[PDB]
Every structure is written in C-alpha cells, then in structure tokens.
Amino acid sequence: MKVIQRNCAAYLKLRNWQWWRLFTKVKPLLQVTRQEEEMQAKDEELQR
Amino acid sequence: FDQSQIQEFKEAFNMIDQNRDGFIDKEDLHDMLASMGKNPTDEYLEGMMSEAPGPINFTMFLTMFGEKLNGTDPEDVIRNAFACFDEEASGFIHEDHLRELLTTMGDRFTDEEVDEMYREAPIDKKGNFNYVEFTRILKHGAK
Amino acid sequence: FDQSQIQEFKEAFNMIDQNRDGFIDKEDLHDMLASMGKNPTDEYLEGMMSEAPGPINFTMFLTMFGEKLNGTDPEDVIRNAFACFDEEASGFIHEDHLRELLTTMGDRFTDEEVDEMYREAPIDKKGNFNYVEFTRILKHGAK
Amino acid sequence: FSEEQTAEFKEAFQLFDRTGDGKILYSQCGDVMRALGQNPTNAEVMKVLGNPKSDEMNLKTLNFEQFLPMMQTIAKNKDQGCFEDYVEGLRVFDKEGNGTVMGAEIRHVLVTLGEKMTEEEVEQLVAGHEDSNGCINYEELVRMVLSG
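Draft legend 1. A look at the overall build of chain B. Along the backbone of chain B there are 8 helices and 2 strands. Going from N to C terminus, chain B has its helices and strands arranged as α-α-α-α-α-β-α-α-β-α. Relative to a compact globule of 143 residues, whose C-alpha radius of gyration would be 15 Å, chain B shows 19 Å and is clearly more extended. For chain B, the spread of C-alpha atoms along the three principal axes comes to 55 × 30 × 30 Å. Considering chain B as a whole, with its 143 residues, one finds that 36% of them fall into the buried category. In chain B, the proportion of contacts linking residues at least 24 apart, taken out of those at least 6 apart, comes to 50%. Of the accessible surface of chain B, which amounts to about 8,100 Å², a share of 60% is contributed by carbon and sulfur atoms.

Draft legend 2. Representation of the packing of aromatic side chains in the model. Summed over the entire model, instances satisfying the criterion amount to 25 aromatic pairs over all chains. Measuring from ring centre to ring centre gives 5.6 Å for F13(B) and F58(B), while their planes differ by 15°; the resulting arrangement is stacked. Of the two residues, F13(B) is situated in helix α1 (residues 3-16) and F58(B) in helix α4 (residues 58-69); the sequence distance between them amounts to 45 residues. Residue classification places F13(B) among the buried residues on the basis of a relative accessible area of 10%. Judged by centre distance (5.9 Å) and plane angle (80°), the ring pair of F82(C) and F85(C) falls under edge-to-face. Remark: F85(C) and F82(C) occur in helix α5 (residues 75-85); sequence separation between them is 3 residues, near one turn of the helix. The exposure class assigned to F82(C) is partly exposed, which follows from its relative accessible area of 22%. Judged by relative accessible area, which is 27%, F85(C) ranks as partly exposed. Taken together, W17(A), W19(A), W20(A), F23(A), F9(B) and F65(B) form an aromatic cluster joined through their ring pairs. Between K10(D) and the ring centre of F64(D), over which it is positioned, the NZ or CZ distance is 5.5 Å.

Draft legend 3. Seen up close, the UniProt feature "binding site: Mg(2+)" (unreviewed entry) in chain B. Residue and element names in this part refer to chain B. Residues given the UniProt feature "binding site: Mg(2+)" (unreviewed entry) here are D17, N19, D21 and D28. Along the chain, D17 turns up in the loop between α1 and α2 (26-36). Relative accessible area serves as the criterion here: at 2%, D17 is assigned to the buried category. Those residues in contact with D17 that lie beyond four places of it in its chain are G22, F23, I24 and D28.

Draft legend 4. Seen up close, the interface of chain B and chain A. Listed by partner, the interface residues are 32 residues for chain B and 27 residues for chain A. When the two sides are added together, the surface that chain B and chain A hide from each other amounts to roughly 2,700 Å², 71% of it contributed by carbon and sulfur. Looking at the side of chain B facing chain A, the largest losses of area belong to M48(B), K68(B) and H140(B), adding up to 20% of the total buried there. Counting across the interface, chain B meets chain A through 4 salt bridges. Here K27(A) ties to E8(B) by a salt bridge, and the two come within 2.4 Å at their closest N and O atoms. Where chain B meets chain A, there are 9 residue pairs in polar contact. Here the side of chain B that touches chain A gets 6 residues from one element, more than from any other, and that element is α1(B).

Draft legend 5. Just a negative patch on the surface, in detail. Residues and elements named next belong to chain A. A contiguous patch of negative charge, built from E36, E37, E38, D43, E44 and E45, is present on the exposed surface. Relative to the helices and strands, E38 is located in helix α3 (residues 32-47). Exposure remark for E38: the relative accessible area of 43% places this residue in the partly exposed category.

Draft legend 6. Just the side chain of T61(D), in detail. As for its position among the elements, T61(D) is in strand β2 (residues 61-62). Among all residues touching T61(D), those that are not within four sequence positions of it are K23(D), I24(D), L25(D) and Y26(D).

Draft legend 7. Region of interest: the nonpolar core. The biggest cluster of nonpolar side chains holds 16 residues, and the ones touching the most others in it are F82(B), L102(B) and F129(B). Only α5 (75-85), α6 (95-102) and α8 (134-138) of chain B provide two or more residues apiece to this core. It is α6(B) that contributes the most residues to this core, 3 residues altogether. With 15 residues, the next largest nonpolar core counts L14(A), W19(A), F9(B) and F61(B) among its residues.

Draft legend 8. Layout of the arrangement of the chains. Where the 4 pairs of chains in contact are concerned, the greatest contact count is recorded for chains A and B. For the non-touching pair chain A and chain D, the nearest C-alpha separation works out to 12 Å. The closest approach of any C-alpha atom in chain C to one in chain D is 49 Å; the two make no contact.

Thresholds, definitions, all that
Residues numbered from 1 in each chain as written, not as in the entry; some residues may be left out. Chains lettered and ligands numbered in written order. Part of a larger assembly, values for the part shown. Heavy atoms only, no water. Helix = DSSP H or I, 4+ residues; strand = E, 2+ residues; numbered from the N terminus. Rg over C-alpha atoms; globule rule 2.2 N^0.38 Å. Buried < 20%, exposed > 50% of the residue type's maximum accessible area, 1.4 Å probe, protein only. Contact = heavy atoms within 4.5 Å. Areas by Shrake-Rupley, 256 points an atom, 1.4 Å probe, with all protein chains shown as cover. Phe/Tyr/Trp six-rings, centres within 6.5 Å; stacked < 30°, edge-to-face > 60°. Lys NZ or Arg CZ within 6 Å of the ring centre and 35° of its normal. UniProt positions renumbered as here; feature names shortened; annotations may be inferred. Buried area = accessible area lost by both parts, 1.4 Å probe. Salt bridge = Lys/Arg side-chain N within 4 Å of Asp/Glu carboxyl O. Polar contact = N/O pair within 3.5 Å; in protein donor to acceptor, adjacent residues only side chain to side chain. Patch = residues over 30% accessible without salt bridge, like charges linked within 9 Å, V, L, I, M, F, W, Y side chains within 5 Å. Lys, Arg positive; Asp, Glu negative; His and termini not counted. Charge placed at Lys NZ, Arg CZ, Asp CG, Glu CD. Core = buried A, V, L, I, M, F, W, Y, C linked by side-chain atoms within 4.5 Å.

Structure (structure tokens):
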C-alpha cells in the first residue's frame, strides 16, 4: 500500500503540471520499441 | 534513471526538436501543437521555458523530468502490489473500499484524493474499480 | 492522420535521412537510388524538393503526404465494400463487369479509368479480376 | 524490560495506529499483544486493563508509555497452556481415537465454549486442513498454532 501510495501521490503532484498533457500527446506516436515488444509478446501469446 | 524512460524521452525530444539543434524553442512546441490543434499561447511557452535555465536542452529536460519523476514505480510492481491487495485477483476492487482504506492506510489521507480519483477513474456504477488498464494509464498506457 | 501511417512514414524517413539531421537533401535520395540502381537526375531531385519550402523536413513531407493522401481508406474497408459487392465472396469479379458498372456507378466515369485499370491489374484471360491481393497492392502490399 | 526489543515494539505499536501518534484502541492493543507472542485470555487482559467495560474498550485507546507496564504484567504469566495439554485433550475429545478429530464438533465446541469467538475465526483457523473424512489431524494444526 505504501508503494502504491507513493506512486499515486507522485501522480497527484504530476497530474496537473502543464508539461504533462504536452509530452503525453506525443508518446503514442513513436512506438518502435512498443512495436517490437508487442511483436514478441504476441509471439509468446500465440505459442501459448 | 531508467533505460526505457531515458530512451523514450530523448526519442520524443529529437522528434519534437524540429531544428535538431538540441535546443527546444517556441517554434518546436508551437508548430507541434498547431499541427495538433489550437496554437499554445506564448505565455504558456514562456512558463514552460521558465524551469530550464534557457532554451530547453537535452540534459535540461532530462534532469527536470527526473527530479519531477524519480520516485515513482512502473505499472508492473503497481499491479503486483495491487494483486495480493485483492483475493479475487481479477483487479476489480471497489472504489468506496479504496476510500474507506485510504483514509487511514499508513498515514491519514484526506477527501481531495478520493474525489479526484473517482472523478478521474473508470469506476463502475456501484463502486467497483478496475486497475488493469487504469494503472497503465497512470504509467501512460492510454492517457 | 493514422498512427500506423505516421509511424511508418517517419521510420522510412529516419532510415533515408542518412545525415539524421531531419533535413532531406539531394545526398540522401541520390545515394539511396544509386545503391538501388541508376542514380536519379538532379532535376528530378530538385522537382521533388520543389514541393517543400526547402530541404524536406519531417513535418514538411508529413503534411505533403497528408494533403496528397488524406481521404483514402485502408484495404480492410476496401475489401469489405468489395465483399457484399460479389455474391460468391471469393473476390473474383469480372473486369468487364467492372467496366459496365463504372460507367454509371454514382457519377459517370470515362474510358481512361477502365483502360488504366486493366493495363495495371492482374486480370485473367476472360475478364475475371481478383482484388484479394490487388487491393493490398493499392495499399502497397506488393507495389 | 529492556530497550533491546523496544525498537520493534515501537514500530509495531505505531504500525497499527489509526491516528498515527501512539494511541491505539484497547481491543487493538490487545490484538497487537497477542500478535507479539504474548497471547493471554481477554480475562486477564481486562484485569490488567483496569477492568473496563466493552464501551471503554472500544472508545479508549492507550499510549505507548503505559504499554510497557502492560506487557510487563503480561510477562508475569511467564507461561501458558502447554502443548501436551492440547494434544491429549484433543485426543480424548475425539469419539474413537482415530488419530484425528471431527471438524464440525471442533468448530462448535470452539465457538460455544469458554472464550467466545466468531465462526469465521475458527473457520479460517481450520481452513486448508479440511478432509473428506471431516477428521483433521489435531497434532499438525496444534503444533502449527503453538510454533506459529
């Protein structure tokens, strides 16, 4: 709970900082690492 | 400091540094938000340039997002702590249960936390709350 | 705007931007086509640099391929509209049937469309036309 | 006693504080005491709790200062019911001496004898050890409870 607590309190401190909307609009664009990791995850999922 | 985090931060930076000079200026975020939608008011841009000691350089925003972020934990250990937290292990605890526990879990918590959580979480119509995707949202899976 | 399309465009761009400056110059496409085969005549390169307001930057060709492409549809919905179009659902309609329908389907169509289609489509030796791969070619599956 | 273990004592005491200062309810502090190995019957607990009533037990908490003499009095017991007691009493409590003891009878004579406990208490106590015969090996569970 204290782990989750520190995490959500940091989120609270950060959910309102203006930079967040800005740099979160851009993350879904670049996904090359995401593309590769999802490739391998789907590989193991299909094997299972 | 985390390899994945630093690599994705510098990736997004060199993608947004439309001048490739390593110096973030009003041009970059301005035209980026213009392509996204309504252009940002230059006072917002100046306030975002007020944290860095000048034109936001690479290590500049590196250190700023570090000092603003170092201390959190990835969604993996988040949902790990969430797993034993529920006996059903399906990730469908109730939000009012979250309220009754947050008020005194370790240190005492107030009401702003729970009201902001409920107003910014996909809670069902009786209290049940799902974190399989909400925690990933907290780590920016969808938002 | 589409996630897959923008990601693959920027991928191919940063692969062809052999200087990694975000500025596409004669060097990049020139040496790329040289490795591919006959070098491109510099007038072609200048004409390809005539659309952008200078050395083709990232958002430059982004916007240019958007304005040249925004309005199409992926092969999925293409073959979806093609499915109910045929009762056999095997994707083997006849090209002369395509001709007799194109002349008046919605707005009237001319003869250049059908002749270009037949000369640039793997039609069989009696008229039957397959789109399971041709439509993907239209979305660049093989060409 | 000594400050040797008083550090663990302090962290445990403040661990279960609903106010986070050193004031823990009487029921809760007795539960902590029991969790500290020292598990006496609530009778002597109330005896050394100034003989309060249930209302006072659920309204009045305790500081850590008075908690030291309290566990001091608890340590004056210096012993509790022995292991041979439990094994022989459970062995003679069964109907036929078949190495085990029936379950439902145990649950009943536990929730309805002497110190009263809720049904789920003894339920999660016996939980996991159940069998199709309904006759649990009292030995393993009693030694687990004693050692644990």
